[PDB]
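**Student:** Below is a structure I'd like to ask you about.
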């Protein structure tokens, strides 16, 4: 179905489609690889400029994403792609009929997980080789060990050990042996998220109910337990900057910053992502930085920061609340109508079904500005017949724009759905 | 960062080091008692002699200062310097100075304490190195020339910007600006940590506690509109109340009662939170005046809360704790008091709890009902649970006597309840 | 010959000795096993001098290989050098009416 | 006293102390010239020169 | 009698109280010196009830 | 004057890290 | 018509026989033209015909 005139290039105005992103670094440059359906992008995190984008589409949507140093590991319908700067360079077809559900990488061992509880371990062809290509082995977890595979992690300082967190317990698999070396005890609550703490041998498990279990593998024991009820825990992160703060992102779209030393709730952020689209699908501290990147499923990606404390002596007791820092976003729904703002092809207006007009840049995606809806005061200065609370206009069914006199009066006219008047907009 | 900001940082790091005669005359002229000229012209041995006399006076007052005579008030304490010492010794100095300010927070009307603190200021530079502990210490004396002098000579950390307005004027700081200081949120966390240190060292007093509670009540009154601000101000004040109840002194318990009462009548809390507050109060209740104010507090809290499950019965543990720490004759004479505060929902829940659990003191129940003027839905609830208790328990003469009392007062309600449930 | 006590006092006074104050300050205080092992993880031996990070991990110039348990102990010590071990995970673990039920409800509700 | 200033905008900086040992003077490669007392943390003179 | 009768009974049974405006406790700073904690609590409950 | 809560620029400094390729090692 | 509204409780007016108002509301500055309660007795609307938004 390929053409002789056109060719797909990229996608404007998308930051995430709900699949949890992955952070990584190249020395000073911190990057964030985020999926958009069949095509991922790689953002910077120092300034959130776009850095790379996958030039070739995947035939289906990407299911899993990971990224160590200079390689991005995508997992769509059956295969794993090892890509470099968005250029696909190694495909890896699994020898099954299932779909790849989880993925991790450590040392010379890629570890994928297909939904019928089937783990695949891949070895690099050389210790100095860059990506695992050779198929090492395949393991399976039947139902006597645990439930469905929820997550794969690799704890630090574990020679060829892989931590498999299922819905019921926590297993340790040695891939050099291909053997389950240690199964943990049973938890009455189904586990949803896992996170390797920067402390040794300890993983945090967020369950379906409000339980954050700090569990140690060496003792095989629940060291600590934090109770948040009426909440499904959806993301966990640890401040590695030099303080003991935990970030719990619950699927009602909330963030809670806990202090583990004083056993306190430092702060809570309400509705940083839309609850209807899953809420906070990932919250992640930057490694060694007081900056948390929070992505939702509503095509929104924010970055918050922690200021230094104002108290000279106390500090960690008098900790500052999280300041909002930079962000990108898009539409919740698909856009309804689009137009080009000028002959230079720099900006594009797009109105969607979510009752919102947005002007996107084209060059580098740093300028995805929502167009405000803040009414101008009338020249008469009289009263307007309207309610007490603001609410966005209905969806835009037609649009027209000119640039012959921009910045001297209005130059966009938008016709809304089921509305007996069209609005003007200043560009 | 901008180079001006980085040089400001290095100035704040080398703040207390005198690198010329002018900066030395500044750091030495800043004094607590003497003015600028004589403060500049006098000397360390003069100051230390006055310090030793003032502190032996203070040890005569109370024997706690002898350790500071041993370690902070010696001739080697003349000889040393802050900056030439290492980081560990700096931290140890700050710990000793915080202990001393915590101790001398309570005698600020005494010229001996003023003289000892003058020595500490002009030798160890507390008014430059650690101003937060000193200001949290002497905040409650905000209408005193000592506090005005501290405000004139101090360098202000960024939280005390209202006092930064009030520097070098001639009027004391106002109650309104004290309210603004405590109305800032992070300053409340600062003062929370300070009160926690004060509690864990068990050195609190009536004037400090009174100023604390008056500021807190005025703060929640100033925030009596913003429900988001009230909700995010719940954990601070309620945690201060929790640890102030964990303390043992009757002053701390009455201050916690006051904060709890005003908070629960300014913002409608949850039933579980009010039951938890009642549980901690009943657990740590010890003394007579604390008992009196605590009974008034439970009255106020149950009079505030209102919802589905308003007058339901107390749980087993809370009810047993209440009848342990309180007697029927005491609650009876409290009802017999002349003021008669509105114990409607509280007496209703207490009566239903007694009727479920004990089923013995029904004459005491009758005395409560005859003493208090009840309310219609509460009497309806009482009659329904009494119907259930009559049908479960064996029939009692005092039980049918309570029924006859209802015949005296509104038999028709008993008829409506019995026709909804029974004959 | 050791010094006398009174001449030690005189020496302190003359030289301006402050270590007695220093000890008073530093002594001042407010008076008022595992679950699993692995045989191949024990008996595994890895090379050492083949890369710079493990040449950093080692301790002896002439050693070239070490077994798995010592290798992983050196690795854990390096990981500790990276991330300092915190008190919340070191010194704390969970395992008539009370006084902190109010605090527990304050913890459990927003 | 042992400082570490980072001004990454302009070129490799040149350091000269006074003969007393109190004032420092840095000159960047593009236009930054700063003379600072540097102990009491006071900026005596800052000059931006594109030359 | 129905649930509407019970609900109206509860509404009629509820009574009013003195609310907490922002300018009520501003006299305790003036009458806080040299007092007792008990008497301060009595003044608080007086200005509340 | 109320308390100033000024914002400032954030600088993402260098981040040391742990090596999973040092964790996974070959057998003897 | 002085904008004032005196609010009484029946259970005590009927026995006091020269009662005191439970409240004396004054938030309007022109004559009162509509006093109406809620259908359950919780809200009292007072509307003045003289000035707009009253």
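Numbers here mean position along the shown chain, with the first residue as 1.
Including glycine, each Cβ sits where the backbone N, Cα and C put it.
According to Swiss-Prot, the protein carries these features:
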REPEAT    A:22-53  repeat 'WD 1'
REPEAT    A:63-93  repeat 'WD 2'
REPEAT    A:101-140  repeat 'WD 3'
REPEAT    A:150-183  repeat 'WD 4'
REPEAT    A:190-227  repeat 'WD 5'
REPEAT    A:234-269  repeat 'WD 6'
REPEAT    A:277-329  repeat 'WD 7'
REPEAT    A:336-370  repeat 'WD 8'
**Student:** So if I exclude everything within five residues of the ends of the repeat 'WD 4' (A:150-183), which remaining residues of that chain have a CB under 8 angstroms from its CBs? That is, six or more out.
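**Tutor:** Long-range Cβ neighbours of the repeat 'WD 4' (A:150-183): 102-107, 109, 111, 113, 117, 119, 121, 136-137, 139, 141, 190-196, 200-201, 203, 205, 215, 217, 220.
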**Student:** For the repeat 'WD 4' (A:150-183), how many residues does DSSP put in helix, in strand and in coil?
**Tutor:** 0 helix, 20 strand, 14 coil
**Student:** Would the repeat 'WD 6' (A:234-269) count as touching the repeat 'WD 1' (A:22-53), i.e. at least 3 C-beta pairs under 8 angstroms with sequence separation of 6+?
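**Tutor:** No, since the repeat 'WD 1' (A:22-53) and the repeat 'WD 6' (A:234-269) share fewer than 3 Cβ pairs closer than 8 Å, they do not count as touching.
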**Student:** When DSSP states are grouped into helix, strand and coil, how many residues of the repeat 'WD 6' (A:234-269) land in each?
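**Tutor:** Each residue of the repeat 'WD 6' (A:234-269) counted once, the result is 0 helix, 23 strand, 13 coil.
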**Student:** Looking only at the repeat 'WD 2' (A:63-93), what are its DSSP counts of helix, strand and coil residues?
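**Tutor:** Helix/strand/coil tally for the repeat 'WD 2' (A:63-93): 0 helix, 23 strand, 8 coil.
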**Student:** By DSSP assignment, list the helix, strand and coil residue numbers for the repeat 'WD 8' (A:336-370), in that order.
**Tutor:** 3 helix, 18 strand, 14 coil
